[PDB]
Amino acid sequence: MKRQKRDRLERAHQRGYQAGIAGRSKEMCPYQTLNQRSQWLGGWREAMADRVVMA
Amino acid sequence: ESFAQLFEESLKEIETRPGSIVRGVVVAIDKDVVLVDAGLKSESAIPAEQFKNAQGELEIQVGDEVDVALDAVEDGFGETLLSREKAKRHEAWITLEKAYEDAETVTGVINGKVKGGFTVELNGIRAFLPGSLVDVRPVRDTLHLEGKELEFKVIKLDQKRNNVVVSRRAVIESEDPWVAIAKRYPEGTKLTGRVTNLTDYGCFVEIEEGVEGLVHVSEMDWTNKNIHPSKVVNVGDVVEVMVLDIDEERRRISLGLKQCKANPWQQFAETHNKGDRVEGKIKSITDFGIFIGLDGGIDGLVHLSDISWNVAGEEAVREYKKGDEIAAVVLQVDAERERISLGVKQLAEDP
Amino acid sequence: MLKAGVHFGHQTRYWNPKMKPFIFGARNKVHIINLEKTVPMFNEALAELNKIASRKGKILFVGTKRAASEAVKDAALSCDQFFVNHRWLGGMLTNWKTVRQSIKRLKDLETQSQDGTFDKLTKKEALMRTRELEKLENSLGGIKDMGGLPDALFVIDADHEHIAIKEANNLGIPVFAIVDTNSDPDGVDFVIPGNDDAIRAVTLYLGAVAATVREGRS
Amino acid sequence: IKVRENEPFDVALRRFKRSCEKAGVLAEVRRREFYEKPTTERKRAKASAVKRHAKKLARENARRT
Amino acid sequence: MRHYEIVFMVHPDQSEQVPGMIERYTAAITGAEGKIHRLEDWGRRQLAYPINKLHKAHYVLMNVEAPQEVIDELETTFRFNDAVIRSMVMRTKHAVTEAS
Amino acid sequence: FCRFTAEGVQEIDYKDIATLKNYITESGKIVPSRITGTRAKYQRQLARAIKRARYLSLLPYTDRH
RNA sequence: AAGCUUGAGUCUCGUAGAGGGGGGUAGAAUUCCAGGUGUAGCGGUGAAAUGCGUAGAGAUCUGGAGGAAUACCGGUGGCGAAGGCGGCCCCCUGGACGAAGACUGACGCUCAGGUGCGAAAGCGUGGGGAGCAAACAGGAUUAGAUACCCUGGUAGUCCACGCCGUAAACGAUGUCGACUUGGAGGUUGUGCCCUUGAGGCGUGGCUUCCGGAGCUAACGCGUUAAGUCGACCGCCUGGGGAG
RNA sequence: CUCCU
């Protein structure tokens with residue numbers, strides 16, 4: 001029973017990456033703080049390219 | 001009566017829209033917010049950074065008077081655009097006098113060309129000029145004592161977009177943006193541009209006579225994704241930017257900003273990358289195959305688990321070094337592409 | 001007369017059309033409040049303030065506005081009157097029956113923490129009970145000495161504290177406000193068309209009200 | 001599309017303009033005549049455009065952060 | 001009358017018959033009480049795309065004022081000629097002057 | 001943005017390809033009025049001029065000819 | 001009976017428009033055919049197989065034929081009574097709008113019956129047939145799969161002339177007229193002034209969204225009303241049986 | 001994927 005994994009910083013990354021790949025071209029389900037919204041959108045734009053490379 | 005009507009047209013007569021009439025008296029100072037009252041609706045939330053002169057500290061106490069600017073009214077609550085631009089008009093007037101004077105004499109000191117014209121700075125502000133303007137002939141101020149004192153003799157100004165190249169040393173010597181968009185083009189012409197609004201993907205620096213630039217989020221720094229441009233640069237500030245791309249159709253000049261501390265990283269690869277220089281550096285997070293010392297201005301991932309001692313595989317760096325400690329580590333490889341320096345720690349005295 | 005503060009006119013385009021009697025569209029697409037009609041309404045307000053304050057009545061001053069915050073405390077503690085300037089609690093007047101014992105918590109807690117057990121339990125307990133006092137202190141501090149329902153409500157922005165106006169129109173309190181151009185002069189009994197967001201204005205209007213109160217107490 | 005230039009070239013410019021207009025019109029035209037729902041999808045797209053613009057505009061008040 | 005803005009392109013290696021062709025065509029228009037307002041020949045220039053495996057055609061601009069039956073017979077004579085590739089007749093309304 | 005046809009007093013002729021090539025892209029496609037910022041009337045006159053110049057081969061349809 | 005001009009209508013200038021009918025033409029692409037190079041796969045799916053290919057496929061190039069639709073512009077843009085109408089050009093033709101005047105003088109509104117127009121599918125006659133595609137075949141999937149998925153594929157989709165006369169034919173809102181706080185836009189004319197600068201102040205038409213009072217059972221409507229009224233018409237009277 | 005106020 002221990003402490004949270006990668007304290008929303010690069011968990012905010014992979015939430016934006018999974019949400020980037022599975023459609024959701026909103027870019028309008030992020031966090032609201034800056035240090036987590038910045039890389040929710042960072043994972044989103046890193047997921048658009050990984051959508052172009054596949055189907 | 002018509003006292004008030006006359007009073008109204010009087011007060012219309014004794015104000016104007018731009019930052020022209022030095023009228024707002026500074027009626028409260030607190031770091032980091034100045035505030036005036038130029039006879040408008042509310043009081044400006046002034047930054048402190050429109051009012052400190054050339055070395056960082058404030059210059060104006062209570063009662064002091066600078067005009068600001070206008071033509072933008074009510075964003076919810078409040079009144080102005082900043083008085084510092086005010087200042088730009090004064091600079092324009094002096095430049096006009098020189099052009100008007102037939103010449104303008106001040107001091108111009110121009111060390112180097114970001115985009116082909118030495119940079120000249122007058123008083124607080126620094127401006128960029130086209131390459132010829134810095135020197136009257138082929139003299140070149142690179143051999144002159146650094147950041148030398150002359151004046152500026154004007155060589156060239158662009159009259160719409162504000163770029164002015166001025167004449168150092170040699171005292172004796174005396175529709176519209178988009179058709180010919182080939183001036184700042186060719187690959188990397190550096191520009192000095194004020195940023196306007198940072199749209200959480202971008203920064204929107206755009207200065208050169210009615211254009212739009214982005215510098216979006218990917219460059220901006222030497223970290224990619226976690227950056228959030230509001231933290232990293234500014235709001236309303238004239239910066240280092242150059243074109244990197246102009247698209248003729250779609251009208252999207254895509255500028256950049258990483259063309260800076262990229263050089264620092266290169267120096268780190270070199271400076272200490274000449275051979276096998278030793279460095280005193282602090283680890284930040286040990287990730288089961290290394291220790292990740294990251295001292296020396298953003299140089300990223302470093303020492304591997306393979307050296308660490310004179311035993312190869314069994315070591316598990318958390319057992320052997322530390323958390324957050326400055327160590328012996330020397331360079332052993334800088335890879336220019338793919339941004340991997342690979343330091344080591346076995347270079348010590350046990351065998 | 002724009003006497004000393006500049007209370008000329010406001011915002012741009014999202015005026016409440018009920019304030020058609022107070023408009024002049026300027027060249028900068030900004031309204032000009034009719035300053036030659038403002039002054040009779042302001043004097044009709046002060047003639048009420050001398051009456052209900054010479055009743056020995058209680059005025060409650062309301063304005064937050066992020067800039068008129070300190071002008072209400074400064075320009076209202078000069079009288080013997082009461083103010084709400086930081087946060088307008090929902091139901092301080094029509095639910096004053098349960099705001100009352102929160103005032104009892106404030107007075108009955110600074111009574112315990114000026115001399116009593118402000119150190120006797122825990123440093124963390126001082127960090128709790130003291131933080132409670134600085135949370136209630138700029139929430140109930142001006143209304144603390146009132147102990148009753150007020151007889152008037154002086155609102156500096158109808159558009160910003162419109163729930164204080166409807167609050168004291170559920171019950172029978174004559175509210176009056178200086179309205180902006182976008183504010184709504186419906187619940188306001190004695191409307192004062194002017195400047196809500198100028199520090200000069202919330203010095204001027206509130207200062208002349210402050211003169212009518214303490215000069216009005218005979 | 002058409003990229004030819006000197007020795008640093010060949011990838012970024014091309015995947016940019018290629019990727020945008022190519023993947024747009026081919027991923028559109030690859031099936032589904034529809035005859036009826038470009039009307040519905042443009043109507044929903046542009047109603048979402050004005051709702052996003054006004055929604056961010058009146059959402060520019062505060063967020064208590 | 002009706003105005004027209006005829007631009008017709010010419011097969012390139014038969015372009016020495018073009019001063020004959022202009023004389024025959026404006027002779028045909030002038031034989032029916034019709035004015036003329038332009039004569040601008042742009043010469044042999046480069047086609048943007050190959051028309052019948054062929055580049056570099058010779059363009060003639062006329063921009064005449066003439067009646068409808070004359071302009072119709074003229075357009076049929078642009079059809080039944082292998083020298084003429086892509087004629088074009090255009091709108092009415094107040095014929096004009098030098099263009100390129 | 002600015003509408004250059006509104007800055008002139010023009011009515012767009014199909015023969016000044018020096019101006020019309022500022023409004024085709026390098027793939028032959030007509031550039032939108034949200035990019036160039038022309039007025040809608042000169043946008044319609046512009047589109048008819050582009051298509052007419054394509055018919056007289058003063059402009060290309062695509063870049064794969 | 002005699003007027004009057006505000007309602008209605010006519011004329012002189014323009015203005016924009018996928019409004020309609022007929023004719024012609026252009027480019028890209030799909031398919032096929034002939035030829036060249038070349039050889040072991042292609043195609044397809046959530047995975048597969050049916051299918052095509054050593055008789056030379058798929059790919060690549062050259063040429064030709066034929067049919068259909070008109071990328072970009074493309075715009076909660078435009079025009080039309082509605083259905084609806086998108087390459088470009090010509091011919092014939094309808095309507096709307098505005099500025100300044102002139103002219104007629106209530107010539108107006110609605111309309112049961114009637115007449116006309118009326119998406120798609122379908123039917124008849126004659127052509128045409130690229131692509132797509134009901135029916136149909138086959139392969140899968142499934143416990144079954146007369147289905148969704150795949151491989152093929154005929155009517156039909158296209159044109160000319162007739163018929164049918166229905167649609168969630170929808171704004172689920174009959175037409176015409178008057179009056180009644182605002183804001184942000186789009187489009188289209190026009191007037192004045194410093195067009196001296198994409199400028200400022202008004203003025204008409206059509207249109208999109210948000211909201212005020214008022215209304216509504218609420219949702220929501222809100223000067224283009226579902227607000228306040230007037231004229232005329234159509235329609236409703238519990239659900240099923242039953243259009 | 002990055003063209004706003």
# chains A, B, ... in the order shown; residues from 1 in each chain; ligands from 1
$ select_by_dssp --residues "chain D" --states "helix (DSSP H, G or I)" --output "PyMOL selection string"
chain D and resi 12-29+39-58
$ residues_around --residues "segment 51-56 of chain D" --least-positions-apart "4" --cutoff "10 Å" --atoms "only C-alpha atoms (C1' of nucleotides)" --output "PyMOL selection string"
(chain D and resi 45-47+60-61) or (chain G and resi 184+209-210)
$ write_last_selection --atoms "N, CA and C atoms (P, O5', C5', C4', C3', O3' and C1' of nucleotides)" --output "PDB file, in the first residue's frame"
ATOM      1  N   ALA D  45     -20.823  20.192 -37.391  1.00  0.00           N
ATOM      2  CA  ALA D  45     -19.465  20.705 -37.244  1.00  0.00           C
ATOM      3  C   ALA D  45     -19.465  22.202 -36.977  1.00  0.00           C
ATOM      4  N   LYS D  46     -20.331  22.935 -37.661  1.00  0.00           N
ATOM      5  CA  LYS D  46     -20.354  24.384 -37.559  1.00  0.00           C
ATOM      6  C   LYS D  46     -21.193  24.870 -36.390  1.00  0.00           C
ATOM      7  N   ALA D  47     -22.239  24.126 -36.027  1.00  0.00           N
ATOM      8  CA  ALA D  47     -22.902  24.392 -34.758  1.00  0.00           C
ATOM      9  C   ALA D  47     -21.960  24.150 -33.587  1.00  0.00           C
ATOM     10  N   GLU D  60     -14.510  32.420 -20.417  1.00  0.00           N
ATOM     11  CA  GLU D  60     -13.370  33.253 -20.062  1.00  0.00           C
ATOM     12  C   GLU D  60     -13.628  34.138 -18.845  1.00  0.00           C
ATOM     13  N   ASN D  61     -14.530  33.752 -17.941  1.00  0.00           N
ATOM     14  CA  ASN D  61     -14.741  34.548 -16.733  1.00  0.00           C
ATOM     15  C   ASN D  61     -13.745  34.184 -15.635  1.00  0.00           C
TER      16      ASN D  61
ATOM     17  P     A G 184     -23.233  44.627 -31.190  1.00  0.00           P
ATOM     18  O5'   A G 184     -22.616  43.226 -31.616  1.00  0.00           O
ATOM     19  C5'   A G 184     -21.697  42.566 -30.764  1.00  0.00           C
ATOM     20  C4'   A G 184     -21.541  41.120 -31.142  1.00  0.00           C
ATOM     21  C3'   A G 184     -21.228  40.868 -32.600  1.00  0.00           C
ATOM     22  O3'   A G 184     -19.855  41.032 -32.884  1.00  0.00           O
ATOM     23  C1'   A G 184     -22.950  39.414 -31.901  1.00  0.00           C
ATOM     24  P     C G 209     -30.358  29.507 -36.180  1.00  0.00           P
ATOM     25  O5'   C G 209     -29.538  30.062 -34.937  1.00  0.00           O
ATOM     26  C5'   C G 209     -28.432  29.327 -34.455  1.00  0.00           C
ATOM     27  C4'   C G 209     -27.514  30.147 -33.583  1.00  0.00           C
ATOM     28  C3'   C G 209     -28.050  30.541 -32.222  1.00  0.00           C
ATOM     29  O3'   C G 209     -27.953  29.486 -31.284  1.00  0.00           O
ATOM     30  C1'   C G 209     -26.976  32.392 -33.228  1.00  0.00           C
ATOM     31  P     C G 210     -29.021  29.344 -30.097  1.00  0.00           P
ATOM     32  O5'   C G 210     -28.709  30.580 -29.151  1.00  0.00           O
ATOM     33  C5'   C G 210     -27.492  30.629 -28.431  1.00  0.00           C
ATOM     34  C4'   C G 210     -27.303  31.945 -27.731  1.00  0.00           C
ATOM     35  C3'   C G 210     -28.395  32.356 -26.777  1.00  0.00           C
ATOM     36  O3'   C G 210     -28.332  31.635 -25.563  1.00  0.00           O
ATOM     37  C1'   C G 210     -27.662  34.230 -28.027  1.00  0.00           C
TER      38        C G 210
END
$ interface_residues --of "chain D" --to "chain F" --cutoff "12 Å" --atoms "only C-alpha atoms" --output "MDAnalysis selection string"
chainID D and resid 1:3 17:18 21:22
$ write_last_selection --atoms "C-alpha atoms" --output "PDB file, in the first residue's frame"
ATOM      1  CA  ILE D   1       3.893  16.322 -53.170  1.00  0.00           C
ATOM      2  CA  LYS D   2       6.936  17.756 -54.897  1.00  0.00           C
ATOM      3  CA  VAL D   3      10.163  18.189 -52.931  1.00  0.00           C
ATOM      4  CA  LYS D  17       1.881  19.041 -47.041  1.00  0.00           C
ATOM      5  CA  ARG D  18       1.522  15.439 -48.262  1.00  0.00           C
ATOM      6  CA  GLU D  21      -4.131  17.352 -48.025  1.00  0.00           C
ATOM      7  CA  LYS D  22      -3.528  13.697 -48.989  1.00  0.00           C
TER       8      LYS D  22
END
$ closest_atom_pairs --of "segment 158-238 of chain G" --to "segment 74-91 of chain G" --cutoff "10 Å" --atoms "only C-alpha atoms (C1' of nucleotides)" --output "tab-separated table"
residue	atom	partner	partner_atom	distance
G:169	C1'	G:83	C1'	7.3
G:186	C1'	G:77	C1'	7.7
G:187	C1'	G:77	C1'	7.2
G:207	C1'	G:77	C1'	9.6
G:208	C1'	G:76	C1'	6.1
G:209	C1'	G:76	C1'	8.6
$ select_by_dssp --residues "chain E" --states "strand (DSSP E or B)" --output "compact mmCIF listing (two decimals) with N, CA and C atoms, in the first residue's frame"
# COMPACT_ATOMS: atom_id res chain seq x y z
N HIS E 3 -21.74 42.10 -76.95
CA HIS E 3 -20.29 42.13 -76.91
C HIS E 3 -19.75 40.72 -76.70
N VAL E 7 -11.30 34.47 -77.16
CA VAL E 7 -9.91 34.06 -77.04
C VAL E 7 -9.82 32.68 -77.66
N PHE E 8 -9.04 32.54 -78.72
CA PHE E 8 -8.89 31.23 -79.33
C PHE E 8 -7.42 30.89 -79.47
N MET E 9 -7.09 29.64 -79.13
CA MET E 9 -5.71 29.20 -79.19
C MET E 9 -5.45 28.50 -80.51
N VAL E 10 -4.20 28.55 -80.96
CA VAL E 10 -3.81 28.14 -82.30
C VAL E 10 -2.72 27.10 -82.20
N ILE E 36 -15.07 46.53 -83.82
CA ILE E 36 -14.09 45.69 -83.14
C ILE E 36 -13.33 46.59 -82.18
N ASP E 41 -2.80 39.82 -79.97
CA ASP E 41 -2.20 38.50 -80.16
C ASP E 41 -1.08 38.31 -79.14
N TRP E 42 -1.15 37.23 -78.36
CA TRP E 42 -0.10 37.05 -77.37
C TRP E 42 1.07 36.21 -77.87
N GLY E 43 1.03 35.73 -79.10
CA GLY E 43 2.15 34.98 -79.62
C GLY E 43 2.18 33.56 -79.10
N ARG E 44 3.26 32.86 -79.46
CA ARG E 44 3.43 31.48 -79.03
C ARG E 44 3.89 31.44 -77.58
N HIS E 58 -0.37 29.15 -79.65
CA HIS E 58 -0.30 30.54 -80.11
C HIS E 58 -1.65 31.21 -79.92
N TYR E 59 -1.73 32.19 -79.02
CA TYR E 59 -3.03 32.65 -78.54
C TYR E 59 -3.43 33.94 -79.23
N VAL E 60 -4.71 34.03 -79.59
CA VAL E 60 -5.26 35.24 -80.19
C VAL E 60 -6.45 35.71 -79.36
N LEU E 61 -6.41 36.98 -78.95
CA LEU E 61 -7.53 37.67 -78.31
C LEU E 61 -8.15 38.66 -79.27
N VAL E 64 -14.59 41.40 -79.68
CA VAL E 64 -15.30 42.07 -80.75
C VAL E 64 -16.69 42.45 -80.26
N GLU E 65 -17.35 43.36 -80.98
CA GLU E 65 -18.77 43.63 -80.82
C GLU E 65 -19.47 43.30 -82.13
N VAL E 84 -7.54 25.23 -85.21
CA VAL E 84 -8.06 25.92 -84.04
C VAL E 84 -8.30 24.89 -82.96
N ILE E 85 -7.55 25.00 -81.87
CA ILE E 85 -7.74 24.16 -80.70
C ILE E 85 -8.12 25.06 -79.53
$ residues_around --residues "residue 192 of chain C" --least-positions-apart "6" --cutoff "8 Å" --atoms "only C-alpha atoms (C1' of nucleotides)" --output "MDAnalysis selection string"
chainID C and resid 38 41:42 45 176:179
$ write_last_selection --atoms "C-alpha atoms" --output "PDB file, in the first residue's frame"
ATOM      1  CA  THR C  38     -26.820  61.713 -12.070  1.00  0.00           C
ATOM      2  CA  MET C  41     -30.622  61.186  -8.184  1.00  0.00           C
ATOM      3  CA  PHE C  42     -27.562  61.220  -5.926  1.00  0.00           C
ATOM      4  CA  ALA C  45     -30.305  59.377  -2.269  1.00  0.00           C
ATOM      5  CA  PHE C 176     -29.919  51.565  -3.366  1.00  0.00           C
ATOM      6  CA  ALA C 177     -26.920  51.150  -5.560  1.00  0.00           C
ATOM      7  CA  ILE C 178     -24.709  53.036  -7.905  1.00  0.00           C
ATOM      8  CA  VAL C 179     -25.400  51.187 -11.109  1.00  0.00           C
TER       9      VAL C 179
END
$ closest_atom_pairs --of "chain A" --to "chain B" --cutoff "9 Å" --atoms "only C-alpha atoms" --output "Markdown table"
| residue | atom | partner | partner_atom | distance |
| --- | --- | --- | --- | --- |
| A:9 | CA | B:226 | CA | 8.2 |
| A:10 | CA | B:226 | CA | 8.8 |
| A:13 | CA | B:226 | CA | 8.6 |
| A:34 | CA | B:228 | CA | 6.3 |
| A:35 | CA | B:226 | CA | 6.4 |
| A:36 | CA | B:226 | CA | 7.5 |
| A:37 | CA | B:228 | CA | 8.0 |
| A:38 | CA | B:228 | CA | 5.0 |
| A:39 | CA | B:226 | CA | 5.0 |
| A:40 | CA | B:226 | CA | 8.7 |
| A:41 | CA | B:225 | CA | 7.9 |
| A:42 | CA | B:225 | CA | 4.8 |
| A:43 | CA | B:225 | CA | 7.6 |
| A:46 | CA | B:225 | CA | 9.0 |
$ residues_around --residues "residue 106 of chain C" --least-positions-apart "4" --cutoff "9 Å" --atoms "only C-alpha atoms (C1' of nucleotides)" --output "list in words"
residues 101, 102, 110, 111, 132, 133, 136, 137, 140, 141 and 144 of chain C
$ write_last_selection --atoms "C-alpha atoms" --output "PDB file, in the first residue's frame"
ATOM      1  CA  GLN C 101     -24.375  31.759  15.283  1.00  0.00           C
ATOM      2  CA  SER C 102     -21.516  31.951  12.799  1.00  0.00           C
ATOM      3  CA  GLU C 110     -11.562  35.780  19.074  1.00  0.00           C
ATOM      4  CA  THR C 111     -12.662  36.033  22.701  1.00  0.00           C
ATOM      5  CA  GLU C 132     -10.648  29.829  11.002  1.00  0.00           C
ATOM      6  CA  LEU C 133     -10.433  33.358  12.422  1.00  0.00           C
ATOM      7  CA  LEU C 136     -14.366  34.346   9.122  1.00  0.00           C
ATOM      8  CA  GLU C 137     -12.674  37.681   9.779  1.00  0.00           C
ATOM      9  CA  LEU C 140     -18.134  38.629   8.741  1.00  0.00           C
ATOM     10  CA  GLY C 141     -15.888  41.300  10.256  1.00  0.00           C
ATOM     11  CA  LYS C 144     -19.942  41.531  13.362  1.00  0.00           C
TER      12      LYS C 144
END
$ residues_around --residues "residue 340 of chain B" --least-positions-apart "2" --cutoff "12 Å" --atoms "only C-alpha atoms (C1' of nucleotides)" --output "short mmCIF file (atom, residue, chain, number, x, y, z; two decimals) with C-alpha atoms, in the first residue's frame"
data_model
loop_
_atom_site.label_atom_id
_atom_site.label_comp_id
_atom_site.auth_asym_id
_atom_site.auth_seq_id
_atom_site.Cartn_x
_atom_site.Cartn_y
_atom_site.Cartn_z
CA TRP B 265 23.80 21.93 -25.41
CA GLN B 266 26.24 21.82 -28.34
CA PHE B 268 28.26 20.97 -23.44
CA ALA B 269 28.79 18.24 -26.03
CA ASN B 273 33.14 17.09 -25.25
CA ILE B 292 21.05 10.34 -14.47
CA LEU B 294 22.01 16.28 -15.03
CA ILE B 298 19.94 20.87 -19.35
CA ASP B 299 22.24 18.15 -20.72
CA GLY B 300 19.99 15.11 -20.49
CA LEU B 301 20.44 11.39 -19.77
CA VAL B 302 23.80 10.03 -18.67
CA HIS B 303 25.76 7.31 -16.82
CA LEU B 304 24.86 3.66 -17.51
CA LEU B 331 32.20 12.39 -20.42
CA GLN B 332 33.44 9.37 -22.50
CA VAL B 333 31.08 10.14 -25.45
CA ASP B 334 28.94 12.98 -26.81
CA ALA B 335 26.66 11.93 -29.64
CA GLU B 336 25.77 14.95 -31.77
CA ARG B 337 22.63 13.46 -33.27
CA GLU B 338 19.95 11.84 -31.03
CA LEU B 342 27.05 9.02 -22.10
CA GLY B 343 29.13 9.74 -18.99
#
$ atom_distance --atom1 "atom CA of residue 44 of chain B" --atom2 "atom CA of residue 79 of chain B"
5.2 Å
$ interface_residues --of "chain F" --to "chain E" --cutoff "8 Å" --atoms "only C-alpha atoms" --output "list in words"
residues 15, 16, 56, 57, 58, 59, 60 and 65 of chain F
$ write_last_selection --atoms "N, CA and C atoms" --output "PDB file, in the first residue's frame"
ATOM      1  N   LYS F  15      -7.321  37.197 -66.907  1.00  0.00           N
ATOM      2  CA  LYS F  15      -6.110  37.183 -67.706  1.00  0.00           C
ATOM      3  C   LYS F  15      -4.872  37.687 -66.979  1.00  0.00           C
ATOM      4  N   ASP F  16      -5.022  38.414 -65.874  1.00  0.00           N
ATOM      5  CA  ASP F  16      -3.871  38.781 -65.051  1.00  0.00           C
ATOM      6  C   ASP F  16      -3.510  37.610 -64.133  1.00  0.00           C
ATOM      7  N   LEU F  56      -8.495  27.968 -70.494  1.00  0.00           N
ATOM      8  CA  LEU F  56      -7.600  28.426 -71.545  1.00  0.00           C
ATOM      9  C   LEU F  56      -6.154  28.040 -71.311  1.00  0.00           C
ATOM     10  N   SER F  57      -5.890  27.197 -70.310  1.00  0.00           N
ATOM     11  CA  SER F  57      -4.569  26.631 -70.011  1.00  0.00           C
ATOM     12  C   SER F  57      -3.553  27.700 -69.628  1.00  0.00           C
ATOM     13  N   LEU F  58      -4.036  28.812 -69.089  1.00  0.00           N
ATOM     14  CA  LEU F  58      -3.152  29.804 -68.500  1.00  0.00           C
ATOM     15  C   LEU F  58      -2.818  29.469 -67.057  1.00  0.00           C
ATOM     16  N   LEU F  59      -3.529  28.513 -66.475  1.00  0.00           N
ATOM     17  CA  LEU F  59      -3.318  27.967 -65.154  1.00  0.00           C
ATOM     18  C   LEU F  59      -3.497  26.459 -65.202  1.00  0.00           C
ATOM     19  N   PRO F  60      -2.791  25.711 -64.365  1.00  0.00           N
ATOM     20  CA  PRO F  60      -2.977  24.262 -64.345  1.00  0.00           C
ATOM     21  C   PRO F  60      -4.105  23.831 -63.422  1.00  0.00           C
ATOM     22  N   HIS F  65       0.282  16.930 -64.533  1.00  0.00           N
ATOM     23  CA  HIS F  65       0.008  16.898 -65.961  1.00  0.00           C
ATOM     24  C   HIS F  65       1.170  16.335 -66.765  1.00  0.00           C
TER      25      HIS F  65
END
$ closest_atom_pairs --of "chain D" --to "chain A" --cutoff "10 Å" --atoms "only C-alpha atoms" --output "CSV"
residue,atom,partner,partner_atom,distance
D:19,CA,A:52,CA,8.0
D:20,CA,A:52,CA,9.9
D:23,CA,A:52,CA,8.2
D:63,CA,A:32,CA,9.0
D:65,CA,A:33,CA,7.9
$ write_last_selection --atoms "N, CA, C and O atoms" --output "tab-separated table (two decimals), in the first residue's frame"
chain	number	residue	atom	x	y	z
D	19	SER	N	0.88	14.90	-45.98
D	19	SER	CA	0.04	14.28	-44.96
D	19	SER	C	-1.29	15.00	-44.82
D	19	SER	O	-2.35	14.35	-44.78
D	20	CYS	N	-1.26	16.35	-44.84
D	20	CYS	CA	-2.49	17.11	-44.62
D	20	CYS	C	-3.47	16.92	-45.78
D	20	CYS	O	-4.55	16.32	-45.60
D	23	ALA	N	-4.14	12.90	-46.76
D	23	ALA	CA	-4.89	12.06	-45.84
D	23	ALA	C	-6.30	12.58	-45.64
D	23	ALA	O	-7.24	11.78	-45.48
D	63	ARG	N	-12.14	30.43	-13.15
D	63	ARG	CA	-12.15	28.99	-12.89
D	63	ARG	C	-11.66	28.63	-11.49
D	63	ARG	O	-11.42	27.45	-11.23
D	65	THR	N	-8.89	28.81	-9.94
D	65	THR	CA	-7.58	28.17	-9.81
D	65	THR	C	-6.60	29.04	-9.04
D	65	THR	O	-6.92	29.59	-8.00
$ closest_residue --among "G:26, G:218, G:198, G:168" --to "residue 5 of chain F" --atoms "only C-alpha atoms (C1' of nucleotides)"
G:198
$ closest_atom_pairs --of "chain B" --to "chain H" --cutoff "8 Å" --atoms "only C-alpha atoms (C1' of nucleotides)" --output "CSV"
residue,atom,partner,partner_atom,distance
B:196,CA,H:5,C1',7.9
B:197,CA,H:5,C1',6.8
B:199,CA,H:4,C1',6.6
B:201,CA,H:2,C1',7.3
B:202,CA,H:2,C1',7.4
B:204,CA,H:4,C1',7.5
B:212,CA,H:3,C1',7.4
B:213,CA,H:3,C1',7.7
B:214,CA,H:3,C1',6.8
B:216,CA,H:2,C1',5.8
B:252,CA,H:3,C1',6.6
$ residues_around --residues "segment 158-173 of chain C" --least-positions-apart "2" --cutoff "9 Å" --atoms "only C-alpha atoms (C1' of nucleotides)" --output "ChimeraX atom specification"
/C:62-65,88-94,149-153,155-156,175-180,182-185,187-188
$ closest_residue --among "D:64, D:42, D:15, D:31" --to "chain H" --atoms "only C-alpha atoms (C1' of nucleotides)"
D:15
$ interface_residues --of "chain F" --to "chain G" --cutoff "9 Å" --atoms "only C-alpha atoms (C1' of nucleotides)" --output "list in words"
residues 1, 2, 3, 4, 6, 7, 28, 29, 30, 31, 32, 33, 40, 41, 43, 44, 46, 47, 48, 51, 52, 54, 55, 61 and 62 of chain F
$ closest_atom_pairs --of "chain C" --to "chain G" --cutoff "12 Å" --atoms "only C-alpha atoms (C1' of nucleotides)" --output "CSV"
residue,atom,partner,partner_atom,distance
C:12,CA,G:183,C1',10.9
C:13,CA,G:183,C1',7.2
C:14,CA,G:183,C1',6.5
C:15,CA,G:182,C1',8.3
C:16,CA,G:182,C1',7.6
C:17,CA,G:182,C1',6.1
C:18,CA,G:181,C1',7.3
C:19,CA,G:181,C1',10.3
C:20,CA,G:181,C1',9.7
C:25,CA,G:201,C1',11.8
C:26,CA,G:201,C1',11.8
C:27,CA,G:200,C1',8.9
C:28,CA,G:200,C1',10.7
C:29,CA,G:200,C1',11.4
C:182,CA,G:182,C1',11.5
C:184,CA,G:212,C1',11.6
